[PDB]
Asker: 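Quick one: the structure is below, and I'll ask about it shortly.
Keep in mind that the numbers below use all heavy atoms, side chains included, and drop hydrogens, waters and symmetry copies. Just so it is clear: chains get the letters A, B, ... in the order the sequence lines come, proteins before strands, and each one is counted from 1.
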Amino acid sequence: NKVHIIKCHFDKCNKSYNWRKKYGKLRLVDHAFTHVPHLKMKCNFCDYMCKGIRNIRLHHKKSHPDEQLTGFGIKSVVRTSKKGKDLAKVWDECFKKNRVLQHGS
DNA sequence: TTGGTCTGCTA
DNA sequence: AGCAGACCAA
Ligand SMILES: [Zn+2]
Ligand SMILES: [Zn+2]
């Protein structure tokens, strides 16, 4: 579980992250989504909107503590979003070239 | 908010 | 495994 330098390969982006296998991909997925125009996470309990899985979960925790029901899992985003193909596409454009992001290597 | 870092378990 | 909840710092 050593530290790896993960680089975003999207056009004109110089973002990089210190990353370990155990971290998982939340921060990386959210960064890829910043390259998706007009993509927004809408709160299912009010008119709040934001970008990013981490942010919408923080909104749920702070603004809706009576809703014990949890937000979406990271492995549900691609397969249930109407723009899921675009989301998986922007992930590949951003991070696919980082070989260590592959499972089992 | 976001980054850097951390880790128990539906281990 | 790595999700996803956690901390503090900026
Ligand atoms: Zn980027
Ligand atoms: Zn809300």
Asker: Look at atom NZ of A:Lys7 and say whether more than 12 heavy atoms of other residues, nucleotides or ligands are closer to it than 6.0 Å.
Answerer: no
Asker: According to side chain to side chain donor-acceptor pair (under 3.5 Å), does anything in residues 68-77 of chain A pair up with another residue at least two apart or in another chain? List the pairs.
Answerer: none
Asker: Angle class for the A:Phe95/A:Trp91 ring planes (parallel below 30°, perpendicular above 60°, tilted otherwise)?
Answerer: tilted
Asker: First locate atom NE2 of A:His35, then atom SG of A:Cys8, and finally report the distance between them rounded to the nearest 0.5 Å.
Answerer: 3.5 Å
Asker: Would you please name every residue forming a ring-ring contact (aromatic ring centres under 6.0 Å, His included) with A:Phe33, sequence neighbours left out?
Answerer: none
Asker: Which class fits the ring pair A:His64 and A:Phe45: parallel under 30°, tilted 30 to 60°, perpendicular over 60°?
Answerer: tilted
Asker: Determine whether a donor-acceptor pair (N or O, by modelled atom type, separation under 3.5 Å) exists between the side chain of A:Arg20 and the backbone of A:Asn1.
Answerer: yes
Asker: Working to the nearest 0.5 angstrom, can you tell me the gap between A:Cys94 SG and A:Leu101 CG?
Answerer: 11.5 Å
Asker: Kindly say whether A:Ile5 contributes a backbone atom to a donor-acceptor pair with the side chain of A:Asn18 at under 3.5 angstrom?
Answerer: no
Asker: At what distance, to the nearest 0.5 angstrom, does CZ of A:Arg27 lie from NE2 of A:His31?
Answerer: 13.0 Å
Asker: So, do A:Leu39 and A:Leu87 sit near enough that their side-chain heavy atoms are less than 4.5 Å apart?
Answerer: yes
Asker: Side chains of residues 46-58 of chain A: which donor-acceptor pairs under 3.5 Å do they make with residues two or more places apart or in other chains?
Answerer:
| from | atom 1 | to | atom 2 | distance (Å) |
| --- | --- | --- | --- | --- |
| A:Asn55 | ND2 | A:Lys51 | O | 3.1 |
| A:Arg57 | NH2 | A:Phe72 | O | 2.9 |

Asker: For A:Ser63, give me all partners under side-chain contact (heavy atoms from CB on, under 4.5 Å), at least two apart in sequence or on another chain.
Answerer: A:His59
Asker: Under the side chain to side chain contact (heavy atoms under 4.5 Å, CB included) rule, what do A:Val77 and A:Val29 come out as? Steps first, then yes or no, please.
Answerer: CA-CA 10 Å; A:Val77 171; A:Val29 169; 5.8 Å; no
Asker: Just jot down the side chain to side chain donor-acceptor pair (under 3.5 Å) partners of A:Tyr23, sequence neighbours excluded, or say none.
Answerer: none
Asker: Does any non-hydrogen side-chain atom of A:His9 lie less than 4.5 Å from one of A:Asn98?
Answerer: yes
Asker: For the CG atom of A:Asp92 and the NZ atom of A:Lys97, what is their distance to the nearest 0.5 Å?
Answerer: 11.5 Å
Asker: A:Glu67: which residues meet the side chain to side chain donor-acceptor pair (under 3.5 Å) condition with it, sequence neighbours left out?
Answerer: none
Asker: Is there a side-chain contact between A:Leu69 and A:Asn44 in this structure, where contact means two heavy atoms from C-beta onward sitting under 4.5 Å apart?
Answerer: no
Asker: Given side chains that start at C-beta, do those of A:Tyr17 and A:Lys15 come closer than 4.5 Å, heavy atoms only?
Answerer: yes
